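Structure first, commentary second.
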Amino acid sequence: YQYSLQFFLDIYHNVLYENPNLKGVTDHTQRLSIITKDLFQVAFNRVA
Amino acid sequence: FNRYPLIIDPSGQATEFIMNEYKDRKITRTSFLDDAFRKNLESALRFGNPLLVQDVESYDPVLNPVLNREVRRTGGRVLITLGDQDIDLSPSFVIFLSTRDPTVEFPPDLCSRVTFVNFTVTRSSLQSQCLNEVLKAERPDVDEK
Amino acid sequence: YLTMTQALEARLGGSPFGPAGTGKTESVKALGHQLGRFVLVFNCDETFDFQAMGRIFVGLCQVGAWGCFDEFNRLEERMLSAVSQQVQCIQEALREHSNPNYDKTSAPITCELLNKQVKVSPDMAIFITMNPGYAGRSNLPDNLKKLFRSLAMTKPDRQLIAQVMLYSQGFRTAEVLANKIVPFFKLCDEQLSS
Amino acid sequence: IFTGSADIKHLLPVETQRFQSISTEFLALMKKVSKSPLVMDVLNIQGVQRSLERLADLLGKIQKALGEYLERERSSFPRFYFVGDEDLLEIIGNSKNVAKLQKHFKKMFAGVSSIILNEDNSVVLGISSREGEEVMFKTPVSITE
Amino acid sequence: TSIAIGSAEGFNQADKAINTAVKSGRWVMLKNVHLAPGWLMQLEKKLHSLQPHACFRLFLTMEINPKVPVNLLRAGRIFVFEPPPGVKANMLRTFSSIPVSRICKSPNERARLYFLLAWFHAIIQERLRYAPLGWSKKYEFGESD
Amino acid sequence: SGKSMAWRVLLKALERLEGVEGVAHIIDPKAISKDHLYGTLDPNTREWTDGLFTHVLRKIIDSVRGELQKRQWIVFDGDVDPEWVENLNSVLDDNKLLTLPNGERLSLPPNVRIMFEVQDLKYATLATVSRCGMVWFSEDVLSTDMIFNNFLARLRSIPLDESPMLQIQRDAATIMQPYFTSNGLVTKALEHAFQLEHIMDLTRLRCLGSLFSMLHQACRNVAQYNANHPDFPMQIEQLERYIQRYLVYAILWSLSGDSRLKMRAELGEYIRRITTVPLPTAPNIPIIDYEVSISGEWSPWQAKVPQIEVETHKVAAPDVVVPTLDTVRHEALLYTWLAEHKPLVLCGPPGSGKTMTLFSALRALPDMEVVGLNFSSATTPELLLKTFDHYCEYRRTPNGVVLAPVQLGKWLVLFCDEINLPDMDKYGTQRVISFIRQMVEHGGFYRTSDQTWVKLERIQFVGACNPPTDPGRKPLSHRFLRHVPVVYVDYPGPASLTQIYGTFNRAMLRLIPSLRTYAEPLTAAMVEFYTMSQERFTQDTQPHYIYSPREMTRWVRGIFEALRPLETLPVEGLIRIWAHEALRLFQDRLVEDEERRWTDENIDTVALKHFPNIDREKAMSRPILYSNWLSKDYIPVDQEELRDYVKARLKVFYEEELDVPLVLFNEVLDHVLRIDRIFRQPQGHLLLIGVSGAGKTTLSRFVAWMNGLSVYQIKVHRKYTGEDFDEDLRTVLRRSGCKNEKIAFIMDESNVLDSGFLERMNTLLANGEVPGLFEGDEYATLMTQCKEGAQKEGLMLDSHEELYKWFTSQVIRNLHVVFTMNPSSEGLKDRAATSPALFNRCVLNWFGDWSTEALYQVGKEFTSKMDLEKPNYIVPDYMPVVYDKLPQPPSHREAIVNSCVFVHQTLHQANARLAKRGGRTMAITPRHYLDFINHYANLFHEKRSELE
Amino acid sequence: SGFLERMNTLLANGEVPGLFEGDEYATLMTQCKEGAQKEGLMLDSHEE
Ligand SMILES: Nc1ncnc2c1ncn2[C@@H]1O[C@H](COP(=O)(O)OP(=O)(O)OP(=O)(O)O)[C@@H](O)[C@H]1O
Ligand SMILES: Nc1ncnc2c1ncn2[C@@H]1O[C@H](COP(=O)(O)OP(=O)(O)O)[C@@H](O)[C@H]1O
Ligand SMILES: Nc1ncnc2c1ncn2[C@@H]1O[C@H](COP(=O)(O)OP(=O)(O)O)[C@@H](O)[C@H]1O
Ligand SMILES: Nc1ncnc2c1ncn2[C@@H]1O[C@H](COP(=O)(O)OP(=O)(O)O)[C@@H](O)[C@H]1O
Ligand SMILES: [Mg+2]
Ligand SMILES: [Mg+2]
C-alpha cells in the first residue's frame, strides 16, 4: 500500500474537473457538497 | 549548508527549485547511472559550475574526496584527486545530490559526508494546495484575483 | 491416460505430479509408446537455461517427438517464466496446425524459437513431471502453470501391478503371491526401524 | 568433412587451409611409416612424439571451430539435434564408411540400434533393435543414389 | 507486445519494445517482473524520464511479493487480483469473463449448463476460504479449470 | 566400517574369477563444484565442456581403448545431497541415461556400475534412495581384532624404510601380539577412552592410526639405536622393555592426546589400574609426564626442560621457545607424527602456541619445508591449487600425472591455520575439507582442466584450529578425522606462564642491573593482571575480547623495546612502562567506558600490590603517554608539549599533503600515538573501529606522513571488480616489495564489494604474500623487478625461489594495512570468522564515537574566537550538567559548550526514539557536531556584524 | 644513428627483430594472442 502524493492529487483533480455529478449543477454550496461526497467515494474506489 | 546537501523530494519540486535558483550560474543535471556522470562531474569541478546529481541511492564512491573536501594546495594550485587524476578545483563549485525515494537507507559514511534536506509533505502545505486547487476550479475569478 | 489425452487434444501439456516412485515418468513414456511417439526424457536442473530449452524445443518440434521434462521445478523461477514464452509459442503453432481450413499443401506451420522460424510437427508434445512436496524447489509462475493440465499421481495400485507381473511371468499362484507380497512390503515399511 | 563438403571451404577458409596443412604433415608422416612399418623403426624417428602431440592439439583446435557448420547440419536433419558435437562430426565424416555409424543410431531413434546392410554396405535393407529384433523395409534405400 | 521477464534477452526485448511503443503508442506487457527487482528499479527510473505517446500503456504483472521495490509501487497504480469475495461476485466475474456469443449458441440449453458450471465453480473456490473443512488443502482451482 | 576395502576386494576377486578386468574411478562429488562435475554450457559460445563424471562416462562409452570389455565401477566417495545426485535420477532409473542441458543423451553401458560409498543419507531425498540398491555396513562389521590383525600383518611384511629392519618389525610385532587381542590392553583402553570427553568427537580409527604411526616410529627408533651401536645390537630383553613401555606411552598419547590434562590423568590412572606393564613408581605424578628412554626405562620429561637463560637481544622473539613440560611433550609427539608423513591437527584456543610448537618441532626435521595457508569462511580448494601451482610442479610419468615440490629431496608441508572455518554447506559439507580428505586418503586429486587424476608426491598436510565449540568453528567430518590425529594444545598454566615470562623478564632486565631484583615481582604482576583480564573480558561479551600468551609476548617485547636505549631507570620508570604497555594491550580494544575504568583501577591495584614502597604518583600519573617524536628514545612525553608539537606538525601537514583543518584534543593525541606505535613495527597492521567521520582515515594519513609512509587508497567506483582489486594489490605489492617503499595501505569496509576482497586481504595480512596474485607475464615482470631490487641492496640472489622469498620479506617489512569499519555488532561477529587474520594479525583500536569530553573540548577550542563573554551571567540553581567534569561555577562560554554537547546527545536520543518506534534513522556523526559549531560561529559573526 | 638503424629495419620489414625481448616479448606474445582472438583468428604458438 504505497501511494504517492501525485495519486491523491489525480484523485482530487478527477473529483474537481472530471466529475460526472456536476453536469448542470450551478449552486456553489450544492456543488461543494457534491464535490465532498464524490471526493470520498472516488478516493475509496481508487485506493481500494 | 556546510556539507554538500542530499535532497529527498518524492514530488520533484526541490529539483526544480534548485535548477531555477542556479539557472543563471549554468547549473546542469545528471545522474549517478549516466555514463557521462564522470565527465560532467570533472567539468563542474574544473569550471566551478553547480551540479545536480540524481539517483543518489546509486551513489558512486568517486565523490568521496569531493564530499570530504580533500583538497591539496601545492604550488599555488588547489588539486582534487578525482579517481586517479588531479583536477584544479574551482572555488565556485557546488553539488546537490537528489533522490525521489523517501524510503532509501544510506550507509553511515554517506550520511556523514552530506547534510540531509527532506522535502516532506506537511498538513498545512497540503491544506493550502487543496484550497487553492478548489478555489481555482470552482471560483476562478476569486483565485485569479 | 485420460487426463493426458485431454491435455493433448486442447494442444496443452501434461503435468503429472506426486511423490517419487508413483509412476509418472514411466506413465508418460508408456502413453507415448501407445501412440507410437518418440519420447525423450530429460533430467532437468538449474543449468537448463533459456537457450538450452529453446534448442531442445526446436529439435523436438522439427523431429516431432515428445519431451518428458522430469523434475521440471528444478529450474530457476525466472527461467521457468522465460521458458513459458517458448511453450506458449509452441502451443499456438500446434493449435493453428489443428485448424481445418489449412491443409498440408500450404506453407508449413512455423513458430519463432530463438529468434528463428522453426517448423512444428503435429506429433510433438511437451510433458513436465515434478513433485511439489520437496523443500527448496522453484514455484512455477501461474502464466506457465496455465499452459499445462495437472494430475495428482500419488498412490499407485501396487496390488494390481504385482498380480499382473507375476501372472505374466509364469507364476501359477500369482494371485496369492501378490496378495502376500504387497501387504508384506507395507508391513516392512511400517514395522521395521525408521 | 573438408573433402565431402563444398560450402565448408567457402564458409570456413582458415579452417580449410589449416586442415590442409595438417593433412599434409599427417600424410608425410604416415608415408614415412609405410616405408618401414617396424614399430621400433617408427619409434626411433626423431621428433615424432612431439609432432604427434602437436598434431593432436591442432586437430582438437580445429574441431572446436566447426560449431556453426554442425548447427547448420543439425538444421538439415532434425534428429541430429540429439547428437553431440564430436559424435556428429564422426557421423558426417564417416558417412562413407557406415560401419562406424551403428553405435550412434540409439541417440537418434527410439528403438533403432543398428541398420541392416548388404555385403556392399550400399543399400539399407532394414533396421534392427538392441535385442536383435529386425524390421525389413518393403522398398530398400540406396546409399549410392 | 507481451514479454516474460527473467532472462537477459528478455530484458533486451522489454527495453526495445518499450522504446518503440513510447513513440508508436502500442501496449507493452511484462509478466512476472517480481523476479528481477533491481531491473525493476532501473525500469522505473527509465519510465520517469519519458514523454511517451498518448495511447502508450505498460502493464507489469507481478505476484504480491516484498522484494518489489517501493519506488515502482509508488510510481505506478496498483490493482490487486485475488479470489472474489463471495459466491455472487464469483458468478458475476465468471459471466463477465465468458463472451456473450459463446454462451448464446444455437443449443438453448448451453447457457443453463454454463450457469450450472459457474455455480459449481463459484462453490468450490469459496470452500477454499475454509481450509480444513472446505477441502483438505488449498488446491489451485483457478480460471484455467 | 570396511566399505572401501569391501568393494576393492570384490573388484579384485571378480577380476581373478571371471577374467574380466576391473577398473574403478573414484570421484569425490562434493570436493569439486557441480559445474566441474557434470559440465558447463558456455552462455556466450554455447559450447559444452564436459565435467568429471561426464568425461569419464563418455570415455567409457566411446571405448577407444576397449573400455566396454572391462568391468567399470564409478564410485562416488563423498557426501550425497539433492543438488548433484538428482542429475543422476535418469542414470539410476530404468532410463539409464545421462541427459545434459545441451540436448546430448548418454546411455549407460551394461558393464558400468554406479556406486556410492557414503557414511549417511540424512540429506539424501527419497527419489535418490529409492533408485539404488542399498548395502548397509554396520560399524560392528569391522571388528577391532580385524584392524589389529591387518596392522600386525603389514608390520611383519612391509618394511617401514621403503632385512634387519624387517627383523626389528617382526620382533616388535611378536612383543606387541599379546596386547593386540580381544579384551586386551588396547581394546580396554579404547572402550574406556570413549567415556572421556575430547576436544573433538572420538573415532576408533583415528586413535588406531595414531597408535600405529607411533609404533612405526618406535621401530624406527630401535633401528636408529642399532645403527648407532654396531658393536652391540639391541637385545631381546631391552627390546621387550622398550616396546611395552612405548606401547603404553603411545596408547596414552593417542587415546587422550586430544583432551584436557584431567582426562589424560584419568586415562593414565585407568591404564595403571588395568595393565601389567611396568610403570613409573611416582606417588602422584601422572604417567603422561614420563617418556620412554631408548634404553627401555621410564624417564621423566622434566629432565629435558632445562632452565635456560635467553639472550638479552632475543627476548620475546618469534623464533625463541622457552622449553616447558607441555612444550617438549607436544614437540616429541609432533616429530613422531610428521616423521611418518601422517597429516595431523593442532587443536586449541587461539594463541596457545600451536603454530609455535609445530614450527619448533619442524626444526628437528631439516628435509621438510612449511608453507602457510590461512583458511577463511570463503576458503575454497582454489587456495590449495594456487599454492600447488606456485610451489609444486605437475610432471607426466608413464603412470600418470605426479604433482611434486620443485625442490628435490624435500617434503612440502601445507600448514593450514584455520581448518574448521570454511563455510559448511546447508547439507553439512565443507568443500575444501573433502578435497583435503581426497588427497590424504587417495594420494591425489583430479585436475579439472582436463579431468586427469594427479598423484601427490612428497606433500604433507598440517592443520590448526580452535575447538569446534568456538563461534564460527564447524565440526570436522568424521571421515576426514580418521586420517588425521588431533592433539590438544591448551593455554599454558599460571606456573608455566610464570616460568616462561620470568625467564624473558630476567633476560630483559639484565640490560639494567639496578632493576635486576625486580624480575620476580614484575613477571608475577604481569601474569596476575593478564589472568584477571582473561577471566574478566570473555568472548561472550564481544568477539574480539580474546586474550592469549600473545598479549604477554607483546607486553615483554614492548617493555624490552622501551628499555633498550635507556642507560639507567628507577623502579618508577619501569612501573610506568609496564602500565603503559598494559594500557596499550588491554585497554585499546575495549568498547565501552566501564571496562576501561576497570582496567585502569586494576592496573593501579596490581602495581601497588606487587610493587610496594614506590611513589604512586611519580610512576602512575594518569595521563601515561610515551613518544619518540620529541627525542630519540621512547620516553614519557608531557601532554601539552606533545599537543604543541602535533599542532606544528599538523600546520605543516595542511600545506604539504592534505588541507583539512583539525581540532586537537586529548583522545586525538592518544590515537596518533597508538597509530605511530604500529607504523614502527614490522608487519604492523591496524584495525580502526569507530563511527564514520571520527577522523580515523585523516589521523592515519597524518601519522603515515609523520613516519614517511606513502598513503595508498584504492579508488572504488560503481564498476569496480575483483580484477581491479587484484591489479591494485599487485601495484602496492610491487611498490612495497620491489622498490623498498614503506606504504600505508588504507582501506574501509565500504571498499569491500566482494568476499574475494576479504580473502585476498586475509592472505596478505597473514602471510605477507598472495599465492595466486602474480602469475603468467605478471610473475615474470615481478621476478625481474625483484632481481633488480635484490641487487640494489647488495643481495646476491638470482633464482626465482629466493627472489620470491626476499620479495615476501620486503612486503612483510614495508607494508602496513589500516582497516576502518563502523562499530557494528553483527558485522563484527561476521568478520570475526570471515577474515580471521583481521583479529589475529591486526592491532585493534576502538575509537568509537567522540565522548562527551571530546565534544566539549572540540566545542571549547572551536568557539574560542566567538565572544561568549557575559560578565553578568547568573548560574542557575540546577545547572543541567552534561559534561560531568564541567566546572561547577561555570562561565558563559562553558555553558554554551555544554549546551552544544547536550544538543548532540539529544539528537542521539531522538534517533534512538525513532529506531524504537520502528521509524528510519540516519546515524549522527562527529561531522554533524563540526557542522553545528561551524554554523554557530558563522551565524554569530554575521548577526553581530549586522546588528552593529 | 641507432634511431636510423631501427627506423630502417622497421620501414623495410615492418618489425625490428631485437626490439621485443625478455618480459617485453612475453607481454607482446600475450597481447598478440588476445588481439588475434578478438579478430576471430585463433593462434597459440609464438611463430605464427
Ligand atoms: N577385511 C579387513 N581385514 C582387515 N582390515 C581391514 C579389512 N577391511 C578394512 N580393514 C582396515 O580397516 C580400516 C577401514 O578402512 P576402510 O577404507 O575399509 O573404511 P570405510 O568403511 O571405507 O570408511 P570411510 O567411509 O571412513 O572411508 C582400514 O585401515 C582398512 O585397512
Ligand atoms: N502402472 C505401472 N505398471 C508397472 N510398473 C509401474 C507402474 N507405475 C510405476 N511403475 C514402476 O515404478 C517405478 C518408478 O516409477 P517412476 O517413473 O520412477 O515414477 P516417478 O516419475 O514418480 O519417479 C518404475 O520403474 C516403473 O516401472
Ligand atoms: N613455552 C613458550 N616459550 C616461548 N613462548 C611461548 C611459549 N608458550 C607460548 N608462547 C607464546 O605464545 C605465542 C603462541 O602464538 P601462536 O603459536 O601463533 O598461537 P596459535 O598457534 O594458537 O595461533 C607465541 O607468540 C609465543 O611467544
Ligand atoms: N579532529 C578533527 N577536527 C576537525 N575535523 C575532523 C576531525 N576528525 C575528522 N574531521 C573531519 O572528518 C573528515 C574526514 O573524515 P574521515 O577520517 O574520512 O572519516 P573516517 O574516520 O570514517 O574515515 C574531514 O573532512 C574532517 O573535516
Ligand atoms: Mg520420474
Ligand atoms: Mg571408505
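By convention here, the chains of the C-alpha cells are called A, B, ... in the order presented, each chain's residues are numbered starting at 1, and ligands are numbered starting at 1 in the order presented.
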Can you list, as number ranges by chain, every protein, DNA or RNA residue that comes within 10 Å of residue 88 (chain F) when you count only C-alpha atoms, leaving out same-chain residues fewer than 3 positions away?
C: 43; F: 38, 84-85, 91-93, 96-99, 114, 128, 131
Please dump the current selection as a short mmCIF file (atom, residue, chain, number, x, y, z; two decimals), in the first residue's frame; keep N, CA and C atoms.
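Saved as result-v7.cif:
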data_model
loop_
_atom_site.label_atom_id
_atom_site.label_comp_id
_atom_site.auth_asym_id
_atom_site.auth_seq_id
_atom_site.Cartn_x
_atom_site.Cartn_y
_atom_site.Cartn_z
N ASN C 43 16.36 -35.00 -17.64
CA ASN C 43 16.50 -34.81 -16.20
C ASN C 43 16.89 -33.35 -15.98
N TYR F 38 29.60 -32.20 -13.58
CA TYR F 38 28.73 -32.60 -14.68
C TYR F 38 29.02 -31.87 -15.98
N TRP F 84 23.58 -32.47 -6.48
CA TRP F 84 24.31 -33.14 -7.54
C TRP F 84 23.75 -34.52 -7.87
N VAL F 85 23.23 -35.24 -6.88
CA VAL F 85 22.81 -36.62 -7.13
C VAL F 85 21.52 -36.70 -7.93
N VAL F 91 20.05 -41.65 -14.70
CA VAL F 91 21.07 -42.69 -14.73
C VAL F 91 20.65 -43.87 -13.87
N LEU F 92 20.21 -43.59 -12.64
CA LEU F 92 19.85 -44.64 -11.71
C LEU F 92 18.50 -45.27 -12.02
N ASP F 93 17.69 -44.63 -12.86
CA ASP F 93 16.38 -45.14 -13.20
C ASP F 93 16.49 -46.11 -14.39
N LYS F 96 18.39 -45.23 -17.66
CA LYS F 96 19.83 -45.46 -17.75
C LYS F 96 20.49 -44.44 -18.68
N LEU F 97 20.11 -43.18 -18.50
CA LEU F 97 20.57 -42.10 -19.36
C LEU F 97 21.11 -40.96 -18.51
N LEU F 98 22.11 -40.27 -19.05
CA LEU F 98 22.59 -39.01 -18.51
C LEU F 98 22.21 -37.94 -19.53
N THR F 99 21.29 -37.07 -19.15
CA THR F 99 20.78 -36.04 -20.05
C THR F 99 21.42 -34.70 -19.69
N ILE F 114 27.29 -47.76 -11.16
CA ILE F 114 27.40 -46.52 -10.41
C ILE F 114 27.25 -46.86 -8.94
N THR F 128 16.19 -40.30 -4.57
CA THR F 128 17.54 -40.80 -4.75
C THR F 128 17.77 -42.13 -4.06
N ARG F 131 16.17 -45.31 -5.79
CA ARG F 131 16.67 -45.72 -7.09
C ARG F 131 17.89 -46.63 -7.01
#
Cut-off 8 Å, only C-alpha atoms and all ligand atoms, neighbours of ligand 2 as a compact mmCIF listing (two decimals) with N, CA, C and O atoms, in the first residue's frame:
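Saved the output as pocket_32.txt:
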# COMPACT_ATOMS: atom_id res chain seq x y z
N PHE C 17 1.99 -34.84 -11.23
CA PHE C 17 2.74 -34.53 -10.02
C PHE C 17 2.36 -35.51 -8.93
O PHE C 17 1.26 -36.07 -8.92
N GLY C 18 3.28 -35.70 -8.00
CA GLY C 18 3.11 -36.63 -6.91
C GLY C 18 4.45 -37.06 -6.37
O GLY C 18 5.49 -36.78 -6.97
N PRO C 19 4.46 -37.76 -5.24
CA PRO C 19 5.73 -38.17 -4.63
C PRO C 19 6.51 -39.10 -5.55
O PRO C 19 6.00 -39.63 -6.54
N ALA C 20 7.78 -39.28 -5.21
CA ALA C 20 8.66 -40.10 -6.03
C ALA C 20 8.22 -41.55 -6.01
O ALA C 20 7.66 -42.05 -5.03
N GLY C 21 8.47 -42.24 -7.13
CA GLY C 21 8.15 -43.65 -7.22
C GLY C 21 6.68 -43.97 -7.38
O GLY C 21 6.25 -45.06 -6.99
N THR C 22 5.90 -43.05 -7.94
CA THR C 22 4.49 -43.30 -8.19
C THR C 22 4.20 -43.67 -9.64
O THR C 22 3.06 -44.00 -9.96
N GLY C 23 5.20 -43.61 -10.52
CA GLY C 23 4.99 -43.97 -11.90
C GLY C 23 4.50 -42.81 -12.74
O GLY C 23 3.46 -42.91 -13.40
N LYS C 24 5.24 -41.70 -12.72
CA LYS C 24 4.87 -40.55 -13.53
C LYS C 24 5.63 -40.55 -14.85
O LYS C 24 5.02 -40.52 -15.93
N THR C 25 6.96 -40.58 -14.78
CA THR C 25 7.77 -40.62 -15.99
C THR C 25 7.47 -41.88 -16.80
O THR C 25 7.35 -41.82 -18.03
N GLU C 26 7.35 -43.02 -16.13
CA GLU C 26 7.05 -44.26 -16.83
C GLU C 26 5.66 -44.22 -17.45
O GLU C 26 5.46 -44.74 -18.55
N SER C 27 4.69 -43.62 -16.76
CA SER C 27 3.35 -43.50 -17.35
C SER C 27 3.38 -42.62 -18.60
O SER C 27 2.73 -42.94 -19.60
N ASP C 70 11.38 -34.30 -16.76
CA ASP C 70 11.20 -34.72 -15.39
C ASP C 70 11.97 -33.79 -14.46
O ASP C 70 12.97 -33.18 -14.85
N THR C 129 7.22 -33.18 -15.46
CA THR C 129 6.99 -34.01 -14.30
C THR C 129 7.71 -33.41 -13.10
O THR C 129 8.90 -33.09 -13.19
N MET C 130 6.99 -33.27 -12.00
CA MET C 130 7.53 -32.61 -10.82
C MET C 130 6.84 -33.18 -9.58
O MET C 130 5.76 -33.75 -9.67
N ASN C 131 7.50 -33.03 -8.44
CA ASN C 131 6.89 -33.35 -7.16
C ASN C 131 6.96 -32.09 -6.30
O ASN C 131 8.02 -31.78 -5.75
N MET C 153 -0.60 -37.85 -9.12
CA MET C 153 -0.18 -39.25 -9.20
C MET C 153 0.47 -39.58 -7.86
O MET C 153 1.69 -39.48 -7.71
N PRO C 156 0.06 -45.32 -6.42
CA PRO C 156 -0.05 -46.36 -7.45
C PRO C 156 -0.69 -47.62 -6.90
O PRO C 156 -0.60 -47.93 -5.71
N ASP C 157 -1.35 -48.36 -7.79
CA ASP C 157 -2.04 -49.60 -7.43
C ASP C 157 -1.02 -50.73 -7.41
O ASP C 157 -0.81 -51.45 -8.40
N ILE C 161 -0.53 -54.25 -10.01
CA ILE C 161 0.75 -54.34 -10.72
C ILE C 161 1.45 -55.65 -10.37
O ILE C 161 1.93 -56.37 -11.26
N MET C 165 2.18 -58.65 -13.06
CA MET C 165 3.57 -59.00 -13.35
C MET C 165 3.85 -60.46 -13.01
O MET C 165 4.52 -61.16 -13.78
N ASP F 93 17.69 -44.63 -12.86
CA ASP F 93 16.38 -45.14 -13.20
C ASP F 93 16.49 -46.11 -14.39
O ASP F 93 17.57 -46.33 -14.93
N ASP F 94 15.35 -46.68 -14.78
CA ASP F 94 15.33 -47.61 -15.90
C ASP F 94 15.69 -46.95 -17.22
O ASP F 94 15.99 -47.65 -18.19
N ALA F 127 13.66 -39.81 -3.61
CA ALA F 127 13.80 -40.13 -5.02
C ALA F 127 15.17 -40.70 -5.33
O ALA F 127 15.32 -41.50 -6.26
N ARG F 131 16.17 -45.31 -5.79
CA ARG F 131 16.67 -45.72 -7.09
C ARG F 131 17.89 -46.63 -7.01
O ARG F 131 18.32 -47.14 -8.05
Between CA of residue 61 (chain C) and CA of residue 146 (chain C), measure the distance and give it in Å to one decimal.
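CA of residue 61 (chain C) sits 20.8 Å away from CA of residue 146 (chain C).
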Excluding residue 141 (chain D) and its own-chain neighbours fewer than 2 positions away, which residues fall within 12 Å of it when counting only C-alpha atoms? Please give them as a VMD selection string.
chain D and resid 115 to 118 121 to 127 136 to 139 143 to 145
Any idea which chain D residues end up within 8 Å of chain F if we count only C-alpha atoms, as an MDAnalysis selection string please?
chainID D and resid 67 81:84 107
Okay, now the selection with N, CA and C atoms, as a tab-separated table (two decimals), in the first residue's frame?
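File produced: selection_36.tsv:
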chain	number	residue	atom	x	y	z
D	67	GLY	N	31.51	-25.23	-34.97
D	67	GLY	CA	30.22	-25.15	-34.30
D	67	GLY	C	29.09	-24.74	-35.22
D	81	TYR	N	19.89	-32.96	-33.76
D	81	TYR	CA	19.83	-32.13	-32.57
D	81	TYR	C	20.08	-32.92	-31.30
D	82	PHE	N	19.85	-34.23	-31.30
D	82	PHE	CA	20.12	-35.07	-30.14
D	82	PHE	C	21.47	-35.75	-30.22
D	83	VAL	N	22.41	-35.20	-30.98
D	83	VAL	CA	23.74	-35.79	-31.16
D	83	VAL	C	24.78	-34.76	-30.74
D	84	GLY	N	25.78	-35.20	-29.99
D	84	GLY	CA	26.84	-34.31	-29.56
D	84	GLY	C	27.71	-33.86	-30.72
D	107	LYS	N	20.99	-42.86	-30.25
D	107	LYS	CA	20.75	-41.49	-29.82
D	107	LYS	C	19.70	-40.80	-30.67
What is the distance, in Å and to one decimal place, between CA of residue 61 (chain D) and CA of residue 43 (chain G)?
9.4 Å
For residue 42 (chain G), find every residue with an atom within 12 Å (counting only C-alpha atoms), except residues of its own chain fewer than 6 positions away, and show them as an MDAnalysis selection string.
(chainID D and resid 14:15 18 58 61:62 64:65) or (chainID G and resid 32:36 48)
Let me see the file: selected residues, N, CA, C and O atoms, as a compact mmCIF listing (two decimals), in the first residue's frame.
# COMPACT_ATOMS: atom_id res chain seq x y z
N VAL D 14 39.88 -20.37 -43.10
CA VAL D 14 41.04 -20.56 -42.23
C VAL D 14 41.14 -22.00 -41.79
O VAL D 14 42.22 -22.61 -41.81
N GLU D 15 40.01 -22.58 -41.37
CA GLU D 15 39.99 -24.00 -41.03
C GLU D 15 40.39 -24.85 -42.22
O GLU D 15 41.10 -25.85 -42.05
N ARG D 18 44.25 -24.58 -42.67
CA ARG D 18 44.96 -25.21 -41.57
C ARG D 18 44.81 -26.72 -41.61
O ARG D 18 45.78 -27.45 -41.38
N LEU D 58 46.42 -29.43 -32.67
CA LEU D 58 45.87 -28.70 -33.80
C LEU D 58 44.52 -29.27 -34.24
O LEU D 58 43.59 -28.51 -34.55
N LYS D 61 41.92 -28.23 -31.80
CA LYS D 61 41.57 -26.82 -32.01
C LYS D 61 40.65 -26.66 -33.21
O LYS D 61 39.70 -25.87 -33.16
N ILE D 62 40.91 -27.39 -34.29
CA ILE D 62 40.04 -27.29 -35.46
C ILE D 62 38.64 -27.80 -35.15
O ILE D 62 37.65 -27.21 -35.61
N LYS D 64 36.90 -27.59 -32.45
CA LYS D 64 36.13 -26.58 -31.74
C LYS D 64 35.65 -25.45 -32.64
O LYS D 64 34.80 -24.66 -32.22
N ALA D 65 36.18 -25.34 -33.86
CA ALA D 65 35.84 -24.24 -34.76
C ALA D 65 34.73 -24.59 -35.74
O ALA D 65 34.41 -23.76 -36.60
N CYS G 32 49.40 -10.20 -28.56
CA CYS G 32 49.15 -10.74 -29.89
C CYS G 32 48.11 -11.84 -29.84
O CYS G 32 47.22 -11.91 -30.70
N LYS G 33 48.20 -12.72 -28.84
CA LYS G 33 47.20 -13.77 -28.67
C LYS G 33 45.81 -13.18 -28.53
O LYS G 33 44.87 -13.58 -29.24
N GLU G 34 45.64 -12.22 -27.62
CA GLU G 34 44.31 -11.69 -27.36
C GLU G 34 43.80 -10.89 -28.56
O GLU G 34 42.60 -10.90 -28.86
N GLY G 35 44.70 -10.20 -29.26
CA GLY G 35 44.29 -9.47 -30.45
C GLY G 35 43.87 -10.38 -31.59
O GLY G 35 42.92 -10.09 -32.32
N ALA G 36 44.60 -11.49 -31.78
CA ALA G 36 44.20 -12.46 -32.79
C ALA G 36 42.86 -13.09 -32.44
O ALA G 36 42.00 -13.28 -33.31
N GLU G 48 53.62 -18.10 -35.43
CA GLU G 48 52.50 -17.58 -36.22
C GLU G 48 51.93 -16.31 -35.60
O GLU G 48 51.46 -15.42 -36.31
Taking the chain letters and numbering used in this document, name the residues of region 258-407 of chain F that DSSP puts in alpha helix (DSSP H), as a PyMOL selection string.
chain F and resi 261-274+325-339+354-363+381-391
Residues of chain E at most 10 Å from chain C: nearest atom pair and distance in Å, only C-alpha atoms, as a tab-separated table:
residue	atom	partner	partner_atom	distance
E:2	CA	C:85	CA	9.0
E:3	CA	C:85	CA	7.4
E:4	CA	C:82	CA	5.4
E:5	CA	C:82	CA	6.1
E:6	CA	C:78	CA	4.1
E:7	CA	C:82	CA	6.3
E:8	CA	C:50	CA	9.7
E:9	CA	C:50	CA	9.4
E:10	CA	C:82	CA	7.3
E:31	CA	C:81	CA	8.1
E:32	CA	C:81	CA	7.0
E:33	CA	C:78	CA	8.9
E:34	CA	C:78	CA	9.1
E:35	CA	C:78	CA	5.8
E:36	CA	C:78	CA	8.0
E:61	CA	C:143	CA	10.0
E:62	CA	C:141	CA	9.8
E:63	CA	C:141	CA	9.0
E:140	CA	C:142	CA	10.0
E:142	CA	C:146	CA	9.0
E:143	CA	C:146	CA	8.7
E:144	CA	C:146	CA	5.9
E:145	CA	C:149	CA	8.7
Using only C-alpha atoms, which of E:17, E:73, E:123, E:68 sits nearest residue 1 (chain A)?
E:73
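Identified as lying at most 7 Å from ligand 6 when counting only C-alpha atoms and all ligand atoms are the residues residues 2, 3, 4 and 117 of chain F.
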Generate the output file for the selected residues, C-alpha atoms, as an mmCIF file, in the first residue's frame.
data_model
loop_
_atom_site.group_PDB
_atom_site.id
_atom_site.type_symbol
_atom_site.label_atom_id
_atom_site.label_comp_id
_atom_site.auth_asym_id
_atom_site.auth_seq_id
_atom_site.Cartn_x
_atom_site.Cartn_y
_atom_site.Cartn_z
ATOM 1 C CA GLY F 2 35.031 -51.644 5.785
ATOM 2 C CA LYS F 3 33.153 -50.306 2.754
ATOM 3 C CA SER F 4 36.053 -49.203 0.550
ATOM 4 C CA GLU F 117 30.271 -45.053 -0.673
#
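Using only C-alpha atoms and all ligand atoms, the shortest contact distance between ligand 5 and any of C:87, C:120, C:128, C:12 is found at C:128.
Relative to CA of residue 110 (chain B), CA of residue 851 (chain F) is found at 21.9 Å.
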Site check for ligand 3: residues at most 10 Å away, only C-alpha atoms and all ligand atoms, as number ranges by chain
F: 315-328, 346-360, 417-418, 464-466, 489-493, 496-497, 499-501, 503-504, 548-554, 556-557, 840-841
